[PDB]
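Next comes upload_8.pdb, with PDB, C-alpha atoms (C1' of nucleotides) and all ligand atoms.
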ATOM      1  CA  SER A   1     -98.947 -17.717 -55.734  1.00  0.00           C
ATOM      2  CA  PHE A   2    -101.226 -17.600 -58.795  1.00  0.00           C
ATOM      3  CA  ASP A   3    -103.328 -14.440 -59.037  1.00  0.00           C
ATOM      4  CA  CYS A   4    -106.462 -14.278 -61.173  1.00  0.00           C
ATOM      5  CA  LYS A   5    -106.226 -11.639 -63.941  1.00  0.00           C
ATOM      6  CA  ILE A   6    -110.009 -11.034 -64.020  1.00  0.00           C
ATOM      7  CA  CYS A   7    -111.628 -10.187 -60.702  1.00  0.00           C
ATOM      8  CA  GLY A   8    -108.403  -9.893 -58.648  1.00  0.00           C
ATOM      9  CA  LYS A   9    -107.965 -12.761 -56.088  1.00  0.00           C
ATOM     10  CA  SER A  10    -105.057 -15.146 -55.313  1.00  0.00           C
ATOM     11  CA  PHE A  11    -104.631 -18.941 -55.186  1.00  0.00           C
ATOM     12  CA  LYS A  12    -101.851 -20.853 -53.418  1.00  0.00           C
ATOM     13  CA  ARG A  13    -102.475 -23.680 -55.932  1.00  0.00           C
ATOM     14  CA  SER A  14    -102.661 -23.182 -59.696  1.00  0.00           C
ATOM     15  CA  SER A  15    -105.557 -25.647 -59.594  1.00  0.00           C
ATOM     16  CA  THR A  16    -107.527 -23.503 -57.122  1.00  0.00           C
ATOM     17  CA  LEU A  17    -106.942 -20.701 -59.617  1.00  0.00           C
ATOM     18  CA  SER A  18    -107.935 -23.085 -62.444  1.00  0.00           C
ATOM     19  CA  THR A  19    -111.382 -23.787 -60.941  1.00  0.00           C
ATOM     20  CA  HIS A  20    -111.511 -20.098 -60.162  1.00  0.00           C
ATOM     21  CA  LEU A  21    -110.729 -19.141 -63.775  1.00  0.00           C
ATOM     22  CA  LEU A  22    -113.498 -21.630 -64.508  1.00  0.00           C
ATOM     23  CA  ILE A  23    -115.801 -19.413 -62.428  1.00  0.00           C
ATOM     24  CA  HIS A  24    -115.202 -16.600 -64.926  1.00  0.00           C
ATOM     25  CA  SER A  25    -115.257 -18.919 -67.979  1.00  0.00           C
ATOM     26  CA  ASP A  26    -118.249 -20.640 -66.350  1.00  0.00           C
ATOM     27  CA  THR A  27    -117.021 -24.142 -67.332  1.00  0.00           C
ATOM     28  CA  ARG A  28    -119.354 -26.848 -65.944  1.00  0.00           C
ATOM     29  CA  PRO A  29    -118.549 -30.137 -67.763  1.00  0.00           C
ATOM     30  CA  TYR A  30    -120.321 -32.159 -64.997  1.00  0.00           C
ATOM     31  CA  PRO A  31    -124.048 -32.183 -65.884  1.00  0.00           C
ATOM     32  CA  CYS A  32    -126.553 -33.688 -63.434  1.00  0.00           C
ATOM     33  CA  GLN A  33    -127.845 -36.991 -64.753  1.00  0.00           C
ATOM     34  CA  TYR A  34    -131.377 -36.159 -63.508  1.00  0.00           C
ATOM     35  CA  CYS A  35    -132.353 -32.456 -63.050  1.00  0.00           C
ATOM     36  CA  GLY A  36    -129.588 -31.589 -65.582  1.00  0.00           C
ATOM     37  CA  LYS A  37    -127.966 -28.959 -63.300  1.00  0.00           C
ATOM     38  CA  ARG A  38    -124.280 -28.353 -64.182  1.00  0.00           C
ATOM     39  CA  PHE A  39    -121.241 -28.357 -61.847  1.00  0.00           C
ATOM     40  CA  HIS A  40    -117.523 -27.749 -62.425  1.00  0.00           C
ATOM     41  CA  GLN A  41    -116.264 -30.497 -60.055  1.00  0.00           C
ATOM     42  CA  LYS A  42    -117.077 -34.228 -60.428  1.00  0.00           C
ATOM     43  CA  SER A  43    -117.313 -35.113 -56.708  1.00  0.00           C
ATOM     44  CA  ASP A  44    -119.470 -32.007 -56.200  1.00  0.00           C
ATOM     45  CA  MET A  45    -121.791 -33.294 -58.940  1.00  0.00           C
ATOM     46  CA  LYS A  46    -121.552 -36.820 -57.563  1.00  0.00           C
ATOM     47  CA  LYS A  47    -122.645 -35.327 -54.245  1.00  0.00           C
ATOM     48  CA  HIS A  48    -125.429 -33.858 -56.331  1.00  0.00           C
ATOM     49  CA  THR A  49    -126.389 -37.193 -58.000  1.00  0.00           C
ATOM     50  CA  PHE A  50    -126.521 -38.500 -54.434  1.00  0.00           C
ATOM     51  CA  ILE A  51    -128.959 -35.764 -53.301  1.00  0.00           C
ATOM     52  CA  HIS A  52    -130.998 -37.526 -55.901  1.00  0.00           C
ATOM     53  CA  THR A  53    -130.265 -41.311 -55.482  1.00  0.00           C
ATOM     54  CA  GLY A  54    -130.609 -40.546 -51.734  1.00  0.00           C
ATOM     55  CA  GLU A  55    -126.969 -41.417 -50.791  1.00  0.00           C
ATOM     56  CA  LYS A  56    -125.666 -39.972 -47.500  1.00  0.00           C
ATOM     57  CA  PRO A  57    -122.332 -41.751 -46.749  1.00  0.00           C
ATOM     58  CA  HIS A  58    -121.626 -39.320 -43.863  1.00  0.00           C
ATOM     59  CA  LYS A  59    -123.508 -40.729 -40.869  1.00  0.00           C
ATOM     60  CA  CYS A  60    -123.427 -38.726 -37.657  1.00  0.00           C
ATOM     61  CA  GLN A  61    -123.296 -41.304 -34.834  1.00  0.00           C
ATOM     62  CA  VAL A  62    -124.562 -38.558 -32.540  1.00  0.00           C
ATOM     63  CA  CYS A  63    -128.209 -38.048 -33.548  1.00  0.00           C
ATOM     64  CA  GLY A  64    -128.595 -40.750 -36.234  1.00  0.00           C
ATOM     65  CA  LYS A  65    -128.598 -38.182 -39.083  1.00  0.00           C
ATOM     66  CA  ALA A  66    -126.702 -38.663 -42.396  1.00  0.00           C
ATOM     67  CA  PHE A  67    -125.223 -36.227 -44.923  1.00  0.00           C
ATOM     68  CA  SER A  68    -124.035 -36.188 -48.537  1.00  0.00           C
ATOM     69  CA  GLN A  69    -121.166 -33.767 -47.877  1.00  0.00           C
ATOM     70  CA  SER A  70    -118.647 -34.081 -45.055  1.00  0.00           C
ATOM     71  CA  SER A  71    -118.490 -30.300 -44.706  1.00  0.00           C
ATOM     72  CA  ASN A  72    -122.175 -30.505 -43.929  1.00  0.00           C
ATOM     73  CA  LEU A  73    -121.348 -33.389 -41.548  1.00  0.00           C
ATOM     74  CA  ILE A  74    -118.422 -31.461 -40.002  1.00  0.00           C
ATOM     75  CA  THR A  75    -120.644 -28.392 -39.439  1.00  0.00           C
ATOM     76  CA  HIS A  76    -123.421 -30.739 -38.272  1.00  0.00           C
ATOM     77  CA  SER A  77    -120.966 -32.343 -35.823  1.00  0.00           C
ATOM     78  CA  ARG A  78    -119.748 -28.859 -34.878  1.00  0.00           C
ATOM     79  CA  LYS A  79    -123.271 -28.271 -33.550  1.00  0.00           C
ATOM     80  CA  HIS A  80    -123.034 -31.451 -31.449  1.00  0.00           C
ATOM     81  CA  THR A  81    -119.535 -30.416 -30.332  1.00  0.00           C
ATOM     82  CA  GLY A  82    -120.749 -27.035 -29.032  1.00  0.00           C
TER      83      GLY A  82
ATOM     84  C1'  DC B   1    -129.850 -19.430 -35.488  1.00  0.00           C
ATOM     85  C1'  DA B   2    -130.687 -23.994 -37.990  1.00  0.00           C
ATOM     86  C1'  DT B   3    -131.585 -27.096 -42.061  1.00  0.00           C
ATOM     87  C1'  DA B   4    -131.162 -29.024 -46.808  1.00  0.00           C
ATOM     88  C1'  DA B   5    -128.853 -27.899 -51.027  1.00  0.00           C
ATOM     89  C1'  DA B   6    -125.580 -24.938 -53.525  1.00  0.00           C
ATOM     90  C1'  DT B   7    -120.756 -23.129 -54.841  1.00  0.00           C
ATOM     91  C1'  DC B   8    -116.469 -21.962 -53.916  1.00  0.00           C
ATOM     92  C1'  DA B   9    -111.687 -22.876 -52.414  1.00  0.00           C
ATOM     93  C1'  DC B  10    -108.028 -25.696 -49.933  1.00  0.00           C
ATOM     94  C1'  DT B  11    -105.479 -30.118 -50.249  1.00  0.00           C
ATOM     95  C1'  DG B  12    -102.058 -34.234 -51.654  1.00  0.00           C
ATOM     96  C1'  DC B  13     -99.252 -36.098 -55.697  1.00  0.00           C
ATOM     97  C1'  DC B  14     -96.185 -35.275 -60.152  1.00  0.00           C
ATOM     98  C1'  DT B  15     -92.859 -32.593 -64.072  1.00  0.00           C
ATOM     99  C1'  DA B  16     -90.160 -29.018 -67.323  1.00  0.00           C
TER     100       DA B  16
ATOM    101  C1'  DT C   1     -94.212 -20.132 -62.933  1.00  0.00           C
ATOM    102  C1'  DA C   2     -97.512 -23.287 -65.319  1.00  0.00           C
ATOM    103  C1'  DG C   3    -101.396 -27.491 -65.556  1.00  0.00           C
ATOM    104  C1'  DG C   4    -104.195 -31.810 -64.184  1.00  0.00           C
ATOM    105  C1'  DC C   5    -106.641 -35.248 -61.134  1.00  0.00           C
ATOM    106  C1'  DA C   6    -109.004 -36.956 -56.841  1.00  0.00           C
ATOM    107  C1'  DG C   7    -110.160 -36.068 -51.798  1.00  0.00           C
ATOM    108  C1'  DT C   8    -111.765 -32.728 -48.269  1.00  0.00           C
ATOM    109  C1'  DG C   9    -113.354 -28.620 -45.773  1.00  0.00           C
ATOM    110  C1'  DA C  10    -115.292 -23.873 -45.222  1.00  0.00           C
ATOM    111  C1'  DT C  11    -118.278 -20.956 -47.106  1.00  0.00           C
ATOM    112  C1'  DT C  12    -122.817 -19.023 -48.873  1.00  0.00           C
ATOM    113  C1'  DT C  13    -127.313 -19.384 -50.921  1.00  0.00           C
ATOM    114  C1'  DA C  14    -132.448 -20.272 -50.433  1.00  0.00           C
ATOM    115  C1'  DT C  15    -135.806 -21.374 -47.107  1.00  0.00           C
ATOM    116  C1'  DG C  16    -138.070 -21.772 -42.193  1.00  0.00           C
TER     117       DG C  16
HETATM  118 ZN    ZN A 101    -111.103 -14.101 -60.706  1.00  0.00          ZN
HETATM  119 ZN    ZN A 102    -129.937 -33.140 -60.370  1.00  0.00          ZN
HETATM  120 ZN    ZN A 103    -126.147 -35.420 -35.502  1.00  0.00          ZN
END
Now that the file is in, can you turn its structure into structure tokens?
Amino acid sequence: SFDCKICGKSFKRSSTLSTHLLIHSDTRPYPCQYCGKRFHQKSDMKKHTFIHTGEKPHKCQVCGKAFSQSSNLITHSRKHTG
DNA sequence: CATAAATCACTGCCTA
DNA sequence: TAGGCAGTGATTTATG
């Protein structure tokens, strides 16, 4: 596995370490197009741009609510589940 | 404990 | 053992 030589954590994928090394190098080449925030992962920014635009492609067919992130849908569905 | 938004970290595909 | 790209999930922060 790839272990970070800064804080001291491991990554099964060199890429997970890459983004992680980016946490130390603070590399955020994905700048919000509106409130200028900065992210280090396109889709995470795109999910940001959507919190603007108002896009929520994850529709819960349980209580008619919609979400930008699936994780937020998954957890949201987890509440419906039990 | 729950919501809306934030940030991190795992995943599938490819080569010397 | 090393490095990128695109898709997805689990986690935590800030607030009520
Ligand atoms: Zn580290
Ligand atoms: Zn923004
Ligand atoms: Zn719902």
| field | Residues matched by the PyMOL selection byres ((chain C) within 9 of (chain A and not hetatm)) as a PyMOL selection string | value | chain C and resi 1-4+6-10
| said: Please enumerate the residues selected by the PyMOL selection byres (((chain B and resi 2-15) around 7) and not hetatm) when evaluated against the supplied file, formatted as JSON, numbers by chain. | reply: {"A": [16], "B": [1, 16], "C": [13]}
Give me a file of those residues, with C-alpha atoms (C1' of nucleotides), as a JSON list (two decimals), in the frame of the given file.
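New file part.json:
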[["chain", "number", "residue", "atom", "x", "y", "z"],
["A", 16, "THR", "CA", -107.53, -23.50, -57.12],
["B", 1, "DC", "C1'", -129.85, -19.43, -35.49],
["B", 16, "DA", "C1'", -90.16, -29.02, -67.32],
["C", 13, "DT", "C1'", -127.31, -19.38, -50.92]]
| said: Can you spell out as a VMD selection string the set of residues that the PyMOL selection byres (((not hetatm)) within 9 of (chain A and resi 103)) selects in the structure I just provided? | reply: chain A and resid 59 to 66 73 76 to 77 79 to 80
Counting only C-alpha atoms (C1' of nucleotides) and all ligand atoms, what are the residues, protein, DNA or RNA alike, that approach ligand ZN 101 (chain A) to within 6 Å? I want them as a PDB file with C-alpha atoms, keeping the file's coordinate frame.
ATOM      1  CA  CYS A   4    -106.462 -14.278 -61.173  1.00  0.00           C
ATOM      2  CA  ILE A   6    -110.009 -11.034 -64.020  1.00  0.00           C
ATOM      3  CA  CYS A   7    -111.628 -10.187 -60.702  1.00  0.00           C
ATOM      4  CA  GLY A   8    -108.403  -9.893 -58.648  1.00  0.00           C
ATOM      5  CA  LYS A   9    -107.965 -12.761 -56.088  1.00  0.00           C
ATOM      6  CA  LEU A  21    -110.729 -19.141 -63.775  1.00  0.00           C
TER       7      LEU A  21
END
| message | List as a PyMOL selection string the protein and nucleic acid residues lying within 12 Å of ligand ZN 102 (chain A), with all atoms listed in the file counted. | response | (chain A and resi 30-39+44-54) or (chain B and resi 5-6)
Please produce a file of the residues just selected, as an mmCIF file, keeping the file's coordinate frame, where the atoms kept are C-alpha atoms (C1' of nucleotides).
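Output file out33.cif is given in full below:
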data_model
loop_
_atom_site.group_PDB
_atom_site.id
_atom_site.type_symbol
_atom_site.label_atom_id
_atom_site.label_comp_id
_atom_site.auth_asym_id
_atom_site.auth_seq_id
_atom_site.Cartn_x
_atom_site.Cartn_y
_atom_site.Cartn_z
ATOM 1 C CA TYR A 30 -120.321 -32.159 -64.997
ATOM 2 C CA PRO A 31 -124.048 -32.183 -65.884
ATOM 3 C CA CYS A 32 -126.553 -33.688 -63.434
ATOM 4 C CA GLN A 33 -127.845 -36.991 -64.753
ATOM 5 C CA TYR A 34 -131.377 -36.159 -63.508
ATOM 6 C CA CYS A 35 -132.353 -32.456 -63.050
ATOM 7 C CA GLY A 36 -129.588 -31.589 -65.582
ATOM 8 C CA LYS A 37 -127.966 -28.959 -63.300
ATOM 9 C CA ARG A 38 -124.280 -28.353 -64.182
ATOM 10 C CA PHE A 39 -121.241 -28.357 -61.847
ATOM 11 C CA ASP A 44 -119.470 -32.007 -56.200
ATOM 12 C CA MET A 45 -121.791 -33.294 -58.940
ATOM 13 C CA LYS A 46 -121.552 -36.820 -57.563
ATOM 14 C CA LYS A 47 -122.645 -35.327 -54.245
ATOM 15 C CA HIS A 48 -125.429 -33.858 -56.331
ATOM 16 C CA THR A 49 -126.389 -37.193 -58.000
ATOM 17 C CA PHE A 50 -126.521 -38.500 -54.434
ATOM 18 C CA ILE A 51 -128.959 -35.764 -53.301
ATOM 19 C CA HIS A 52 -130.998 -37.526 -55.901
ATOM 20 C CA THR A 53 -130.265 -41.311 -55.482
ATOM 21 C CA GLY A 54 -130.609 -40.546 -51.734
ATOM 22 C "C1'" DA B 5 -128.853 -27.899 -51.027
ATOM 23 C "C1'" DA B 6 -125.580 -24.938 -53.525
#
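Atom to atom, CA of residue 56 (chain A) and CA of residue 23 (chain A) stand 27.3 Å apart.
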| request: Record the distance separating CA of residue 12 (chain A) and CA of residue 40 (chain A), expressed in Å with one decimal. | output: 19.3 Å
Per-axis box centre and lengths in Å around region 49-60 of chain A, 4 Å margin per side, axis-aligned, as AutoDock Vina command-line options:
--center_x -126.3 --center_y -38.8 --center_z -47.8 --size_x 17.4 --size_y 14.0 --size_z 28.3
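Considering all atoms listed in the file, the residue among A:58, A:78, A:28, A:20 positioned nearest to chain B is A:20.
Taking CA of residue 3 (chain A) and CA of residue 19 (chain A) as the two end points, the separation is 12.5 Å.
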